[PDB]
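Just data.cif here, mmCIF, C-alpha atoms and all ligand atoms:
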data_target
#
loop_
_atom_site.label_atom_id
_atom_site.label_comp_id
_atom_site.auth_asym_id
_atom_site.auth_seq_id
_atom_site.Cartn_x
_atom_site.Cartn_y
_atom_site.Cartn_z
CA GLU A 35 39.50 183.35 19.32
CA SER A 36 41.14 180.46 21.13
CA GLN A 37 38.06 180.11 23.27
CA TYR A 38 36.11 178.55 20.35
CA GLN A 39 37.09 176.24 17.64
CA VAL A 40 35.68 177.49 14.31
CA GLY A 41 34.52 174.81 11.82
CA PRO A 42 32.68 174.91 8.46
CA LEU A 43 30.27 177.56 7.31
CA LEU A 44 26.52 176.76 7.70
CA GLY A 45 25.40 179.46 5.19
CA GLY A 50 24.67 185.72 5.97
CA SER A 51 27.69 184.14 7.89
CA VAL A 52 27.15 181.56 10.60
CA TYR A 53 29.82 178.85 11.38
CA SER A 54 29.86 175.48 13.10
CA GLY A 55 31.94 175.78 16.19
CA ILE A 56 32.92 173.96 19.33
CA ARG A 57 33.38 175.58 22.73
CA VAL A 58 36.99 174.66 23.59
CA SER A 59 36.33 174.58 27.40
CA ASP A 60 33.71 171.80 27.32
CA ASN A 61 33.20 170.77 23.63
CA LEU A 62 29.75 172.27 23.57
CA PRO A 63 28.63 172.42 19.96
CA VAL A 64 28.01 176.06 18.98
CA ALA A 65 27.17 178.27 15.99
CA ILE A 66 29.26 181.41 15.65
CA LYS A 67 27.40 184.17 13.90
CA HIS A 68 29.06 187.20 12.40
CA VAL A 69 27.13 190.34 11.91
CA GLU A 70 28.72 193.29 10.08
CA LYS A 71 28.18 196.67 11.72
CA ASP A 72 27.32 198.04 8.28
CA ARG A 73 24.22 195.87 8.09
CA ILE A 74 22.74 196.94 11.38
CA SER A 75 19.78 199.32 11.09
CA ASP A 76 18.76 198.44 14.65
CA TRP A 77 20.82 199.18 17.80
CA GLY A 78 19.96 198.94 21.52
CA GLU A 79 21.91 198.68 24.88
CA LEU A 80 22.44 198.28 28.73
CA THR A 84 26.86 200.72 25.72
CA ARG A 85 25.76 200.16 22.07
CA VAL A 86 24.69 196.73 20.61
CA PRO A 87 22.70 195.24 17.71
CA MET A 88 19.09 194.94 18.65
CA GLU A 89 19.48 191.26 17.76
CA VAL A 90 21.76 190.89 20.84
CA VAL A 91 19.33 192.86 23.12
CA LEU A 92 16.50 190.57 22.05
CA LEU A 93 18.58 187.39 22.42
CA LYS A 94 19.64 188.32 26.02
CA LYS A 95 15.95 188.82 26.81
CA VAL A 96 14.97 185.41 25.44
CA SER A 97 17.97 183.36 26.57
CA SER A 98 17.00 183.13 30.19
CA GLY A 99 16.12 179.61 31.27
CA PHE A 100 15.09 176.95 28.77
CA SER A 101 14.08 177.02 25.78
CA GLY A 102 12.28 176.80 22.40
CA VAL A 103 14.64 179.51 21.17
CA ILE A 104 18.31 178.90 20.27
CA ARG A 105 20.06 180.64 23.21
CA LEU A 106 22.77 183.30 22.99
CA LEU A 107 25.64 182.04 25.14
CA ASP A 108 28.07 184.92 24.72
CA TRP A 109 28.97 187.60 22.24
CA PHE A 110 32.03 189.68 21.38
CA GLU A 111 32.52 193.00 19.68
CA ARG A 112 35.12 193.40 16.87
CA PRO A 113 36.20 196.53 15.09
CA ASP A 114 33.73 196.00 12.21
CA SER A 115 31.46 193.31 13.44
CA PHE A 116 29.84 191.55 16.40
CA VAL A 117 30.27 187.87 16.91
CA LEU A 118 27.43 185.84 18.50
CA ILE A 119 27.92 182.48 20.06
CA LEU A 120 24.70 180.54 19.87
CA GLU A 121 23.61 176.98 20.76
CA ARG A 122 23.91 174.34 18.06
CA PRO A 123 22.05 171.02 18.39
CA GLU A 124 23.63 168.13 16.67
CA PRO A 125 22.41 166.63 14.45
CA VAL A 126 20.28 169.52 13.22
CA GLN A 127 18.35 170.40 10.04
CA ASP A 128 16.30 173.44 9.33
CA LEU A 129 12.59 173.20 8.56
CA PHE A 130 13.09 174.47 5.01
CA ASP A 131 15.40 171.57 4.03
CA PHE A 132 13.30 169.13 5.94
CA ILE A 133 10.31 170.22 3.90
CA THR A 134 12.29 170.19 0.62
CA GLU A 135 13.42 166.64 1.39
CA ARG A 136 10.20 165.20 2.77
CA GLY A 137 7.49 167.15 0.81
CA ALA A 138 4.21 168.07 2.58
CA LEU A 139 4.27 166.79 6.20
CA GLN A 140 1.76 164.38 7.76
CA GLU A 141 -0.61 166.36 9.94
CA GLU A 142 0.51 164.64 13.15
CA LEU A 143 4.11 165.78 12.53
CA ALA A 144 2.97 169.27 11.45
CA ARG A 145 0.89 169.58 14.73
CA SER A 146 3.86 168.61 16.90
CA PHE A 147 6.08 171.09 15.05
CA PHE A 148 3.56 173.92 14.88
CA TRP A 149 2.89 173.58 18.67
CA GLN A 150 6.56 173.78 19.60
CA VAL A 151 6.71 176.92 17.42
CA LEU A 152 3.62 178.34 19.19
CA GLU A 153 5.48 177.78 22.56
CA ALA A 154 8.69 179.42 21.34
CA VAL A 155 6.79 182.44 20.08
CA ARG A 156 4.87 182.72 23.37
CA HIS A 157 8.21 182.55 25.16
CA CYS A 158 9.56 185.40 23.07
CA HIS A 159 6.43 187.44 23.66
CA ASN A 160 6.62 186.87 27.41
CA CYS A 161 10.16 188.16 27.36
CA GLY A 162 9.05 191.41 25.57
CA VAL A 163 10.51 190.21 22.23
CA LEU A 164 8.82 190.10 18.79
CA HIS A 165 10.62 187.91 16.21
CA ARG A 166 9.10 189.26 12.90
CA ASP A 167 10.54 186.62 10.55
CA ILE A 168 8.94 183.32 11.69
CA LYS A 169 9.19 180.96 8.69
CA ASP A 170 10.57 177.43 7.96
CA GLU A 171 14.15 178.74 7.29
CA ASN A 172 14.19 180.30 10.74
CA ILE A 173 13.39 177.05 12.50
CA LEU A 174 15.90 174.36 13.48
CA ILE A 175 14.97 170.82 14.15
CA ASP A 176 17.08 168.97 16.69
CA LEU A 177 16.64 165.61 14.92
CA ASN A 178 17.36 163.50 18.07
CA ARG A 179 15.11 165.21 20.62
CA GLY A 180 12.28 166.14 18.13
CA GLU A 181 12.67 169.70 19.44
CA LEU A 182 12.33 172.83 17.39
CA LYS A 183 14.31 175.92 18.07
CA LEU A 184 13.74 179.37 16.70
CA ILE A 185 16.70 181.27 15.22
CA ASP A 186 17.52 184.68 13.81
CA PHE A 187 16.22 187.69 15.70
CA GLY A 188 17.90 189.88 13.09
CA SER A 189 14.47 191.40 12.03
CA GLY A 190 12.97 191.47 15.51
CA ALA A 191 11.84 194.27 17.81
CA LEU A 192 10.88 194.90 21.38
CA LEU A 193 7.26 193.80 21.78
CA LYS A 194 4.94 196.77 22.13
CA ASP A 195 1.21 197.33 21.83
CA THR A 196 1.27 200.29 19.46
CA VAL A 197 1.57 200.16 15.61
CA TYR A 198 4.83 199.05 13.81
CA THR A 199 5.62 201.05 10.72
CA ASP A 200 8.82 199.29 9.61
CA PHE A 201 9.37 195.69 8.64
CA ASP A 202 12.33 193.90 7.20
CA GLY A 203 11.43 190.19 7.50
CA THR A 204 10.29 187.92 4.63
CA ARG A 205 7.64 189.42 2.30
CA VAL A 206 5.78 186.17 1.41
CA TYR A 207 5.23 185.76 5.22
CA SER A 208 4.21 189.43 5.84
CA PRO A 209 0.48 190.18 6.17
CA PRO A 210 -1.81 192.13 3.91
CA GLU A 211 -1.97 195.15 6.27
CA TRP A 212 1.81 195.41 5.74
CA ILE A 213 1.62 194.92 1.97
CA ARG A 214 -1.16 197.57 1.69
CA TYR A 215 -0.47 200.06 4.52
CA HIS A 216 3.06 199.55 5.76
CA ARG A 217 1.58 199.15 9.26
CA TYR A 218 0.85 196.16 11.57
CA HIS A 219 0.60 195.11 15.24
CA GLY A 220 3.04 192.50 16.53
CA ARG A 221 0.86 189.62 17.58
CA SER A 222 -1.57 189.64 14.75
CA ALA A 223 1.22 189.89 12.15
CA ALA A 224 2.94 187.06 13.97
CA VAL A 225 -0.18 184.95 13.82
CA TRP A 226 -0.39 185.59 10.02
CA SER A 227 3.20 184.36 9.51
CA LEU A 228 2.27 181.36 11.68
CA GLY A 229 -0.69 180.70 9.32
CA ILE A 230 1.74 180.82 6.28
CA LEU A 231 4.13 178.50 8.14
CA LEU A 232 1.41 175.96 8.88
CA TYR A 233 0.27 175.87 5.23
CA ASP A 234 3.86 175.37 4.24
CA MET A 235 4.14 172.41 6.67
CA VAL A 236 0.96 170.79 5.43
CA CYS A 237 1.25 171.62 1.71
CA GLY A 238 4.97 171.40 1.06
CA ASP A 239 5.11 175.06 0.06
CA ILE A 240 3.99 178.58 0.98
CA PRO A 241 0.50 179.59 -0.24
CA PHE A 242 1.29 183.06 -1.69
CA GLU A 243 4.08 184.20 -3.93
CA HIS A 244 2.85 187.61 -5.04
CA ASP A 245 1.38 190.65 -3.30
CA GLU A 246 -1.99 190.17 -5.09
CA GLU A 247 -2.47 186.64 -3.65
CA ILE A 248 -1.48 188.04 -0.16
CA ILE A 249 -3.96 190.97 -0.46
CA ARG A 250 -6.65 188.53 -1.75
CA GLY A 251 -5.86 186.05 1.07
CA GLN A 252 -7.72 183.21 -0.66
CA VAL A 253 -6.18 179.87 0.20
CA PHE A 254 -6.14 177.08 -2.35
CA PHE A 255 -4.98 173.62 -1.07
CA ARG A 256 -2.65 171.71 -3.44
CA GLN A 257 -2.56 168.73 -0.96
CA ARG A 258 -5.03 166.70 0.95
CA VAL A 259 -5.45 168.52 4.25
CA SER A 260 -8.15 167.91 6.83
CA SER A 261 -10.91 170.41 7.52
CA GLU A 262 -9.85 171.42 10.96
CA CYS A 263 -6.34 172.12 9.73
CA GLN A 264 -7.64 174.14 6.77
CA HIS A 265 -9.96 176.04 9.11
CA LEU A 266 -7.05 176.90 11.47
CA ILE A 267 -4.93 178.08 8.56
CA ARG A 268 -7.75 180.30 7.17
CA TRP A 269 -8.27 181.59 10.67
CA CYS A 270 -4.57 182.67 10.97
CA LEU A 271 -4.82 184.22 7.45
CA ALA A 272 -8.00 186.29 8.16
CA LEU A 273 -7.56 189.51 6.13
CA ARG A 274 -8.65 191.58 9.13
CA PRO A 275 -5.87 191.57 11.74
CA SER A 276 -8.45 191.48 14.66
CA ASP A 277 -10.21 188.43 13.15
CA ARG A 278 -7.00 186.33 13.68
CA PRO A 279 -6.82 184.06 16.72
CA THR A 280 -4.71 184.83 19.81
CA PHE A 281 -2.02 182.25 20.73
CA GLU A 282 -4.39 180.81 23.25
CA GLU A 283 -7.14 180.41 20.69
CA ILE A 284 -4.75 178.71 18.28
CA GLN A 285 -3.53 176.30 20.96
CA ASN A 286 -7.10 175.41 21.92
CA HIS A 287 -8.21 174.87 18.34
CA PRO A 288 -9.44 171.30 17.79
CA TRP A 289 -6.71 170.67 15.25
CA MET A 290 -4.17 171.24 18.07
CA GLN A 291 -5.43 168.61 20.53
CA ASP A 292 -3.27 165.58 21.41
CA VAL A 293 0.10 166.92 20.35
CA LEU A 294 3.01 164.45 20.53
CA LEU A 295 5.86 165.17 22.95
CA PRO A 296 9.07 166.21 21.16
CA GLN A 297 10.68 162.92 22.08
CA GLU A 298 7.74 160.85 20.69
CA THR A 299 7.86 163.04 17.59
CA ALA A 300 11.47 162.09 16.88
CA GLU A 301 10.87 158.38 17.53
CA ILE A 302 7.90 158.19 15.10
CA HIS A 303 8.76 160.74 12.41
CA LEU A 304 12.44 161.31 12.57
CA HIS A 305 14.11 157.88 13.16
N1 LIG B 401 20.57 183.45 13.00
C1 LIG B 401 21.04 182.37 13.30
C2 LIG B 401 21.74 181.08 13.64
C3 LIG B 401 21.45 180.37 14.81
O1 LIG B 401 20.98 180.83 15.86
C4 LIG B 401 21.89 179.08 14.59
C5 LIG B 401 22.15 178.08 15.46
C6 LIG B 401 22.58 176.83 14.98
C7 LIG B 401 22.77 176.65 13.60
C8 LIG B 401 22.52 177.75 12.74
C9 LIG B 401 22.07 178.91 13.23
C10 LIG B 401 21.78 180.08 12.62
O2 LIG B 401 21.78 180.30 11.40
#
Would you mind writing the file out in structure tokens?
Amino acid sequence: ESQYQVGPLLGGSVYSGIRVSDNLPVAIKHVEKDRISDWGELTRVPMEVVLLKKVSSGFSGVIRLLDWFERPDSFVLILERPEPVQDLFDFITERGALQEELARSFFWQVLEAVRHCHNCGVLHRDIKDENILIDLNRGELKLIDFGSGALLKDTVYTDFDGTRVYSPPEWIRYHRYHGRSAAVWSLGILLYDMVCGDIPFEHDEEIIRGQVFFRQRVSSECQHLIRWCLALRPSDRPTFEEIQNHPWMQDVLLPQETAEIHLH
């Protein structure tokens, strides 16, 4: 490709790139056809591409798919890349447990991104700190990696290939879930991770048990929201609207304010 300039590897095979035509930073993602259990279309593509095209309309919250190419043994995806960027997993490794004000700003922007995906008929299925980029200058979070996603539907899902420690007990125990409620569980895991510095459950037994112990000082409202998202019963979990109207979610900072206060 002379239409992009390839740079160094970000980490799976995704590379820093630069769109030759206008120097737009980009990430160039290579997906081997071997590793695709999920195909779709409009001719034959990875489902990850179908889902990206559905979420890449307009702005934002989700890293957009700008173009893609097919190769003999692989597809190549050209995605947005903010600059500077750092993913939520490193940010958490570096900074430890986040102050609640920062965690609320972040968790909200995630809630918006996930609602965007849902509105577009897309279910992500692997929401977790590693799958979230922070644009360090705009305080904006951007969801990446639809590689485990599906079309949103209202019936039961009987396959999952996301991250186990973020999967809910109805998956662990029955190999079934519904989209929204499973998503809300992962969002509960993510929030605990933001406020505690780490994920609450390592092993199936602690997932099935869904008892949450706090290793850090976390306020009541925040702990109540987390336990709400991690209700054992999928129908006892809040909807996105209920989560965004929870007291702990009031008075969120703008992304810009978030960067100026918490990101330098
Ligand atoms: N999936 C995916 C990629 C993705 O969408 C992205 C964008 C910027 C920097 C890294 C990445 C990813 O790893």
_Using all atoms listed in the file, which residues have at least one atom no more than 7 Å from ligand LIG 401 (chain B)? Output them as a ChimeraX atom specification._
/A:44,52,64-65,67,104,120-123,185-188
*Nearest to residue 138 in chain A by atom-to-atom distance, counting all atoms listed in the file, from A:259, A:253, A:267, A:235*: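 Looking only at the distances to residue 138 in chain A, the closest residue turns out to be A:235.
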*Residue among A:37, A:84, A:257, A:297 lying closest to residue 137 in chain A, counting only C-alpha atoms*: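 Closest residue, counting only C-alpha atoms: A:257.
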I'd like the neighbourhood of residue 103 in chain A as a CSV table (one decimal) with C-alpha atoms, keeping the file's coordinate frame, where a residue qualifies if any of its atoms comes within 12 Å (using all atoms listed in the file), though same-chain residues fewer than 3 positions away should be ignored.
chain,number,residue,atom,x,y,z
A,92,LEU,CA,16.5,190.6,22.0
A,93,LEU,CA,18.6,187.4,22.4
A,94,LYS,CA,19.6,188.3,26.0
A,95,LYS,CA,16.0,188.8,26.8
A,96,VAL,CA,15.0,185.4,25.4
A,97,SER,CA,18.0,183.4,26.6
A,98,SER,CA,17.0,183.1,30.2
A,99,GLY,CA,16.1,179.6,31.3
A,100,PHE,CA,15.1,177.0,28.8
A,106,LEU,CA,22.8,183.3,23.0
A,107,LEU,CA,25.6,182.0,25.1
A,120,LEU,CA,24.7,180.5,19.9
A,121,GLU,CA,23.6,177.0,20.8
A,122,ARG,CA,23.9,174.3,18.1
A,123,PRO,CA,22.0,171.0,18.4
A,150,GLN,CA,6.6,173.8,19.6
A,151,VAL,CA,6.7,176.9,17.4
A,152,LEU,CA,3.6,178.3,19.2
A,153,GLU,CA,5.5,177.8,22.6
A,154,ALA,CA,8.7,179.4,21.3
A,155,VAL,CA,6.8,182.4,20.1
A,156,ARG,CA,4.9,182.7,23.4
A,157,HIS,CA,8.2,182.6,25.2
A,158,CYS,CA,9.6,185.4,23.1
A,159,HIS,CA,6.4,187.4,23.7
A,161,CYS,CA,10.2,188.2,27.4
A,163,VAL,CA,10.5,190.2,22.2
A,165,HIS,CA,10.6,187.9,16.2
A,168,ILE,CA,8.9,183.3,11.7
A,172,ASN,CA,14.2,180.3,10.7
A,173,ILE,CA,13.4,177.0,12.5
A,174,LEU,CA,15.9,174.4,13.5
A,175,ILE,CA,15.0,170.8,14.2
A,176,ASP,CA,17.1,169.0,16.7
A,181,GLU,CA,12.7,169.7,19.4
A,182,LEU,CA,12.3,172.8,17.4
A,183,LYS,CA,14.3,175.9,18.1
A,184,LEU,CA,13.7,179.4,16.7
A,185,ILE,CA,16.7,181.3,15.2
A,186,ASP,CA,17.5,184.7,13.8
A,187,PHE,CA,16.2,187.7,15.7
_d(CA of residue 305 in chain A, CA of residue 54 in chain A) in Å_ = 23.6 Å
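The spacing separating CA of residue 272 in chain A from CA of residue 217 in chain A amounts to 16.1 Å.
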